[PDB]
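What follows is a single chain, given as structure tokens, in the form solved without the partner chain.
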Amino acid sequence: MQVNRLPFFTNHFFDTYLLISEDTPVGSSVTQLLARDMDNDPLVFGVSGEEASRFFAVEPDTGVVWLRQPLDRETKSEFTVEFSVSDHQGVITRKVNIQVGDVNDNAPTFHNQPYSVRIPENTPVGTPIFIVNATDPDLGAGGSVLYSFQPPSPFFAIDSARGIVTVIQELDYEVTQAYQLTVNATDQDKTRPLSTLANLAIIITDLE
């Protein structure tokens, strides 16, 4: 006698992974489930799991997988999602790794503010006095930060890659007792670069 033949998935992505860009708009098709049933039985498709079912939805008859909630690679960069296909006699399931693709959607962040440092007026030229860091969680160029002063300073320099602030001209407590500088931290995305400003207070102390 014949036993029912269960359906099986035919998507090539099950053996590797699915890529979905984090800026994919809700409602978008992210893929279409494909399956075969050698009895030519009508098939129904789904997704299961609390988390998977929250972010993704499946058209039961077409197997089109939709995006149901916005993604954010910086919050969750991948999913293991279980999809199902059924001929109404049995349910077959397979898991797929879904990678969330990066876009540059974060500006750098400065931590441990406010930034202030006290130095003596005889601190010599070339003396490193402060190290700035801004974090950027994006990937590649979009996560690589460069530093500068805006506007520039004739008394202080900041190393662009390293954020090391140095004295570049002799100081003088009587001429200037304090400097308020502005640090620009910008990522290096080619098309959409993002940047952030932080205040740096430099206080000059008197020897006498």
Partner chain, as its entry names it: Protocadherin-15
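Residue numbers count along the first chain shown, from 1.
Not on display, but discussed next: the form solved in complex with the partner chain.
Check all three, 19, 77 and 99, heavy atom within 4.5 Å of the partner chain in the entry with it bound: Yes, because 19, 77 and 99 each have a heavy atom that approaches the partner chain to within 4.5 Å in the entry with it bound.
Contact between residue 95 and the partner chain in the entry with it bound at 4.5 Å, heavy atoms? Although the partner chain is absent here, residue 95 would touch it in the entry with it bound, with heavy atoms inside 4.5 Å.
With a cut-off of 4.5 Å between heavy atoms, is residue 6 one of the residues that contacts the partner chain in the entry with it bound? Contact check for residue 6: yes, within 4.5 Å of the partner chain in the entry with it bound.
Should residue 139 be classed as touching the partner chain in the entry with it bound when contacts are defined as heavy atoms within 4.5 Å? Residue 139: contacts the partner chain in the entry with it bound.
Please tell me whether any heavy atom belonging to residue 188 falls inside 4.5 Å of a heavy atom of the partner chain, as the geometry stands in the entry with it bound. Residue 188: yes, in contact with the partner chain in the entry with it bound.
Mind telling me which stretch in 56 to 64, 24 to 32, 171 to 179, 158 to 166 gets its heavy atoms within 4.5 Å of the partner chain in the entry with it bound? Of the options, only 158 to 166 has residues within 4.5 Å of the partner.
Can you tell me which of 104, 45, 186, 171 is located at the hinge, considering how the rigid parts move between this form and the one not shown? So the residue sitting at the hinge would be 104.
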